[PDB]
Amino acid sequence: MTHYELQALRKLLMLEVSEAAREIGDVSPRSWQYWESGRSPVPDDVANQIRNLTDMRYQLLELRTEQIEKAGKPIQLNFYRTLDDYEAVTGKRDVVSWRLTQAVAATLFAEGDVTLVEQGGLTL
């Protein structure tokens, strides 16, 4: 996977460089920056994890689309401003899953399929 493929997906998932560097790579931000600028090759394990996260974004989008089908109206999704807000609902400080919820909800909200709330959002 190239440096700009890696960056495009990392940004699309709403990961910060420091979060991706720590949770996906087991490396410093400077190393992840090198992977994103082409200064060092992207390790294949990292490319695989990034593609699997991209697949999960797609799957979550599909599940929310099925929920929208059942509801007959746009559903509500929680947009968690902070990891604490996410933790309040899930009990876990899972950075990558938190950013994933942000990416899914933001995409659906922009495309008109969903409304956003801080607390009433639909589960699963």
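Numbers follow the displayed sequence, beginning with 1.
- Averaged over Cα atoms, the B-factor as recorded in the entry is higher for 63-71 than for the other of 63-71 and 87-95.
- When 4-12 is weighed against 113-121, 113-121 comes out higher, by mean CA B-factor as recorded in the entry.
- In this PDB entry, the Cα temperature factor of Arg30 sits in the middle third of its chain's modelled residues.
- In this PDB entry, the Cα temperature factor of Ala21 sits in the middle third of its chain's modelled residues.
- Residue-level temperature factors show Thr54 in the middle third of its chain, judged at the C-alpha atom.
- Per-chain ranking of the deposited C-alpha B factor places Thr82 in the middle third.
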